[PDB]
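Visitor: Encoded as structure tokens, here's the structure I'll be asking about.
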Amino acid sequence: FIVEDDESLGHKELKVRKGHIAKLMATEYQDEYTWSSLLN
Amino acid sequence: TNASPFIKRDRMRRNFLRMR
């Protein structure tokens with residue numbers, strides 16, 4: 001998991017957020033993200 | 001505390017169905 005040191009919200013944070021993993025959940029229960037489509 | 005001994009998934013799916 002990548003991390004940017006700087007942050008407008010402050011201290012330090014990993015870049016990925018709740019919305020991305022929500023989209024992953026949606027694509028899994030679709031039954032258009034992939035692992036590669038998160039990599040790009 | 002709740003301490004999370006067990007978890008749920010499709011309920012949170014439906015929560016995001018209402019969130020989106």
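Labeling convention for the structure tokens: chains A, B, ... as they appear, residues from 1 per chain, ligands from 1 in order of appearance.
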Would you mind listing, as a list in words, all residues of chain A that have at least one atom within 8 Å of chain B, where only C-alpha atoms are what counts?
Guide: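 Those within range of chain B come out as residues 22, 25 and 26 of chain A.
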Visitor: Keeping only N, CA and C atoms, write the selected residues to a file as a PDB file, in the first residue's frame.
Guide:
ATOM      1  N   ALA A  22     -15.055   0.639  -2.005  1.00  0.00           N
ATOM      2  CA  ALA A  22     -16.474   0.481  -2.279  1.00  0.00           C
ATOM      3  C   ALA A  22     -16.706   0.092  -3.729  1.00  0.00           C
ATOM      4  N   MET A  25     -15.857  -3.485  -4.127  1.00  0.00           N
ATOM      5  CA  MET A  25     -16.932  -4.318  -3.609  1.00  0.00           C
ATOM      6  C   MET A  25     -18.060  -4.415  -4.619  1.00  0.00           C
ATOM      7  N   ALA A  26     -18.390  -3.282  -5.239  1.00  0.00           N
ATOM      8  CA  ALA A  26     -19.442  -3.245  -6.243  1.00  0.00           C
ATOM      9  C   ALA A  26     -19.079  -4.079  -7.457  1.00  0.00           C
TER      10      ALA A  26
END
Visitor: Among chain A, which ones does DSSP assign to alpha helix (DSSP H) (computed from the backbone)? Answer as a PyMOL selection string.
Guide: chain A and resi 18-28+35-39
Visitor: Excluding residue 17 (chain A) and any residue of its chain fewer than 6 positions from it, enumerate the residues within 12 Å of it, using only C-alpha atoms, and give them as a PyMOL selection string.
Guide: chain A and resi 1-3+23-24
Visitor: Would you return as a list in words the members of chain A that DSSP assigns to strand (DSSP E or B) on this structure's backbone?
Guide: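 Those in chain A that DSSP calls strand (DSSP E or B) are residues 3, 4, 13 and 14 of chain A.
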Visitor: Please dump the current selection as a tab-separated table (two decimals), in the first residue's frame; keep N, CA, C and O atoms.
Guide:
chain	number	residue	atom	x	y	z
A	3	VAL	N	1.95	5.27	0.32
A	3	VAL	CA	1.69	6.33	1.28
A	3	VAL	C	2.30	7.61	0.73
A	3	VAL	O	3.47	7.63	0.35
A	4	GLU	N	1.52	8.68	0.69
A	4	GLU	CA	2.09	10.00	0.54
A	4	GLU	C	2.33	10.56	1.94
A	4	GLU	O	1.50	10.40	2.83
A	13	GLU	N	-0.62	9.80	5.33
A	13	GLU	CA	-1.74	8.95	4.99
A	13	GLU	C	-1.40	8.04	3.82
A	13	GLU	O	-0.63	8.42	2.94
A	14	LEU	N	-1.97	6.85	3.85
A	14	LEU	CA	-2.02	6.02	2.65
A	14	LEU	C	-3.07	6.56	1.70
A	14	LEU	O	-4.11	7.09	2.12
Visitor: Enter the distance from CA of residue 38 (chain A) to CA of residue 5 (chain A), in Å, rounded to one decimal.
Guide: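 We find that CA of residue 38 (chain A) and CA of residue 5 (chain A) lie 20.4 Å from each other.
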